[PDB]
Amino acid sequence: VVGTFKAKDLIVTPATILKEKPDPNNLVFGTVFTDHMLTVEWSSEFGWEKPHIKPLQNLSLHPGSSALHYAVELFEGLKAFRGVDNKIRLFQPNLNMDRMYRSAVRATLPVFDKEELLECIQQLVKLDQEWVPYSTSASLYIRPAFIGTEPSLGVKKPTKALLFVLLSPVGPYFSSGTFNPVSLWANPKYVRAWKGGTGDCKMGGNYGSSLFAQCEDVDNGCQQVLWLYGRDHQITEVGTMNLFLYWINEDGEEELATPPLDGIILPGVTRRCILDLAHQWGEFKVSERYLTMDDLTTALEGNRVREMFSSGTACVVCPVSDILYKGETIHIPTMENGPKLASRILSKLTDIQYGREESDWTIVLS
């Protein structure tokens, strides 16, 4: 009956015991959780139930829940930042609501009002706002999660669902003053996503398949997987991050390149922001364009590569120093070239996030 839950209807149950906050200089990503969570029930029969902010607790799930059997699930990732002026800000959160809604449609999970969800998240962050780290390098990670809770074993659109939101303090990925570059494991035997698949959505199924390649990656002394696609060996994504290459292209032009949104690339918020920034600066060519391993190695051979970095919410920007490919270690001169652009981008994005630069990209906490 009810098309969406409403922030107006929020039922809040404060915790009676409050946990001590962690040292912001000693945070490991996604391991410590705050006092409270958002939960909202849905059923086909009654529609959306009233949303609850309540103490962080285990989920009680029928063991037949479709999220556990057929990966009927999706997530988001966005952050709250305590500013230089001690104001807490969200960064481009409407883009995450847009993406989550679209992933829900693709998953066949129930549709919701994006502004109502945004306001419920605002209220949850406001309640746990002291968990937003008092550090200009740490932030509060927000994990909205949407699962099918259909008890029956038929492979079908769920008639029961749970939307929930977790909060987790996260620290810097740089340390001792500098970036921590990654080595990438490039094995064309694995594919992250395919044309006709769901790689342009944040559905859980895209990620469970990537764990094997990641373990093999770690066994070979690499931190992330470089995801290759097709007979041409297109470079697509770095782990769970978008791929950027800053180089002199085939025409001899200084260029920032990233793979196009042709269905196998997750449309990152960070990725969009970087494209926007680089276009605005107007200092070099910006291309959404295919990039192969042969393109890369040829350019490296002729000293045309400047930097390679990955982009995502957790780290904003992550420089790439090495790629393990066909039994060889190929060096990327990212760190030797500054990294000039990667550092410039990180500074710009963090300025905005922490309120050093006024931009419409941020929103002050409700």
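Start at 1 and count along the sequence shown; that's the residue number.
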- Which is higher in the entry, the mean Cα B factor of 209 to 217 or that of 256 to 264? 209 to 217
- Item | Average Cα temperature factor in the PDB entry - higher stretch of 340 to 348, 353 to 361 | 353 to 361
- Message: Checking the record values for 281, 246, 164, 101, which has the greatest CA B factor?
- Response: 281
- Task: For the C-alpha B-factor as written in the entry, point me to the maximum among 132, 274, 296, 225.
- Result: 296
- On the chain's distribution of Cα B-factors, residue 126 falls within the third called lowest
- Query: When the modelled residues of the chain are sorted by Cα temperature factor, does residue 60 land in the lowest, middle or highest third?
  - Reply: lowest
- Message: Could you place residue 33 in the lowest, middle or highest third of its chain by Cα temperature factor, using the values in the record?
- Response: lowest
- Task: Would you mind ranking residue 231 by its C-alpha B-factor against the rest of the chain and naming the third, lowest, middle or highest?
- Result: highest
- Which third of the chain does residue 175 land in by C-alpha B-factor: lowest, middle or highest? highest
